[PDB]
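Only one chain comes next, encoded as structure tokens, the form deposited without this ligand.
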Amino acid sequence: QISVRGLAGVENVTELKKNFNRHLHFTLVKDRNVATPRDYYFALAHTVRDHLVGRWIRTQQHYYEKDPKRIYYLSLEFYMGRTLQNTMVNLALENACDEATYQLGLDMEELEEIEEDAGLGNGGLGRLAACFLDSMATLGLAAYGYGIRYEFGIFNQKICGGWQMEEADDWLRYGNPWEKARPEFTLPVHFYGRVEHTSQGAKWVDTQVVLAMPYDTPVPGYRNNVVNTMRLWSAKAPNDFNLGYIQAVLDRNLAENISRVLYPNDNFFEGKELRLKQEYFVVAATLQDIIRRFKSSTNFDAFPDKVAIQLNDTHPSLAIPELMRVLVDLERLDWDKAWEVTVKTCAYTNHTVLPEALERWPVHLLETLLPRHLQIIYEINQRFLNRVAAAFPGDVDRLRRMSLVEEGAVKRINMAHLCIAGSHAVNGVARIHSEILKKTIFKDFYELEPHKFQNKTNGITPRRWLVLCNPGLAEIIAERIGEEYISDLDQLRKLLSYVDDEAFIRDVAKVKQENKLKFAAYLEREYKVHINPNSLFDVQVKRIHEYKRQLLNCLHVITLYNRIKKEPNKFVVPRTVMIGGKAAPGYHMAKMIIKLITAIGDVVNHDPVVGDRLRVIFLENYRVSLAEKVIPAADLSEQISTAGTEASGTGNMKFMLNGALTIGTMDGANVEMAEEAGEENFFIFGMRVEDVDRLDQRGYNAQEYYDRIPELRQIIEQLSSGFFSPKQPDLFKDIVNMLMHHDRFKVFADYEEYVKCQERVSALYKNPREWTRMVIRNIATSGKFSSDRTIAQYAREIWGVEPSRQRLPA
């Protein structure tokens, strides 16, 4: 059908069809007379999977032959989404499979909708890991993603009575055709026990053992025949576990619960024992695998030359003391040498500055669960503080501030401090974020070791976030500059010479209209909801959190509604405001914000006077597969976090690459995006980081804004009086109280400027031609935000390896 989707050769289509029928028969044990759509999806999945195996086996054989330096990306989250279409795209099989299935009388897009999302992540941090795996494979790096195979990923969100309801994400129910269990590589992981000091070294004994069974999933590079591996560990009890008889067998569940479910928190630390077990479980199994592979290449001096371990935040921070434990206790290396190796091997990436998100584990927990690691952590701290003391003699407060051990009610271990001390590189995920790390929270560390601190601005993969989700746009682009940009996104800059091209302007606008029509239809299909495709699609999709300020968006929506009610027969640009995202199960305020959003919709969507001029929809169960549908259909991207709180953001990059304009604060990557496209082509508003600081020094008083802004006052009074909750007048009392007395994110402070900026947005939308020309300027300058650029920087500046665009023999 479309160029970018590859060729549909005669031989290939015929081959695909026969293999499809083979799998339906032999693999699924069914015939066309009883086969259901799900059966057809699996037949197709197994067919595409077969094309991966050959490349997968030789890629791994290749690494064994050349023995390049290996990159190990440790993360407790890998937000992969669906794998079928992505695999076809990277193997250039999309049109062939489309044709083959067509000839079999099946609609491939229908079959793709059957695949369950691999939701092994919460949001940005987990999705970044997924984009990174794609880019590392596309850049020919010998990389391995290591994580946990959660039986249940992020919960499926249901909206009942306007409230969020959570239900288990049993994503493995029908099986996962992409993974390959590798029980032969099962490894033991130890917990509890005690430390015994002998004549020669310490020994960790009387431990409880849990087995780690790996499952491998292929990660195909973009048309370069490279297929890397993502290895996820599953917890299994040993067979002699607890070995009345029946109960002992039933109790195996206790050990296997480690890999049972993903903790559903976004930017929030919950110090639960099960979470700590998950963190050590992944680290312990992974390091044994790493060392095993390293020995199968005694000389640990070359370990850092053959191994790089990237810690995705502090979740896998125990890799530092675990590596020391293995080198010192098991390999018998002296401390100083072991430490040198550890530092040169490990690198740490920080993803947030919010205090409530930082991991600070109670000493009593580590003491009982990992006694040897606690001892190693104390030793690390001692030697580290000795270095601080020597560099800043007499500065006693610096010593207590930099200690890995925090004193107080309960002693805690600051995992971020542990990571900085034991890593040769520490990076933020956006220029402004990395600067904040050096100026504030990690200032002391930066002063001691300035060379360790770096920046690696986030990015997204243009394969899934352009070619896959927006083929129409990828096509009109390829028509004018070729297909090379898909693996070299900077080439989109060539589109700047088409900003005045009447043909291109029309094609860009047409693609957007088609995407909106398709999405508008989807809303009625799976969610029975009517919307006007001619309206401006104003969307904010991301996890629900106070810092992301979905509440500020709500205030604007209510303002628009009140203005219409005030002057009904006055013209206003029609808008469809879409807000979606999940709230952590125990985050009360976040759940109240979801209820408020639906409550507003209940009033706005049924007001005869408003008509089809304003609609407020809450997008249920926002996840990767849904993102692929709504983002290509958006006109306006809401990135309005309080300046200094969103480390980077990545959803923002997705919207920019897909033809939406952005309204946002100078926060995270928004700053670099505006810088790339030109501030005149971005809708920036609100306080800058410096403005927020000035306000805090003076003291934030919400009452002041309430007293001086009539429209704001009205909204607050409507909320308090029960205007949006007739049956429950004080339903939103908590929201109002927070807004008025303890709003850590200064919602009111940016209200006026936000509303004003939104008016400028509506003004430009009234001029289709100019709106589209600005869109072209955004798409054309989004090249810097490809994760291929991000990974190339990690490779050269942190891992010490060169990326390659060379294909491997098929």
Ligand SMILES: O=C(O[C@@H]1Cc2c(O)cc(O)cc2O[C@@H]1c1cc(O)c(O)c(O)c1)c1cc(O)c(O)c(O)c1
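Residues carry their position along the shown sequence, with the first being 1.
What comes next is about the form solved in complex with this ligand, which does not appear here.
Can you check whether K629 is within 4.5 Å of this ligand in the entry with it bound, heavy atom basis? Within the cut-off, so yes.
Is the gap between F303 and this ligand in the entry with it bound 4.5 Å or less for some heavy atom pair? No, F303 is distant from the partner.
Contact between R525 and this ligand in the entry with it bound at 4.5 Å, heavy atoms? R525: contacts this ligand in the entry with it bound.
Give a yes or no for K158: in the entry with it bound, does one of its heavy atoms lie within 4.5 Å of a heavy atom belonging to this ligand? No, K158 is distant from the partner.
So which of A503, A521, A168, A248 gets a non-hydrogen atom within 4.5 Å of this ligand in the entry with it bound? Result of the distance check: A521.
Which of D612, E704, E435, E110 has a heavy atom within 4.5 Å of this ligand in the entry with it bound? Selected residue: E110.
Heavy atoms within 4.5 Å of this ligand in the entry with it bound: which stretch in 486-494, 160-168, 512-520, 594-602 meets that? This holds for exactly one stretch, 512-520.
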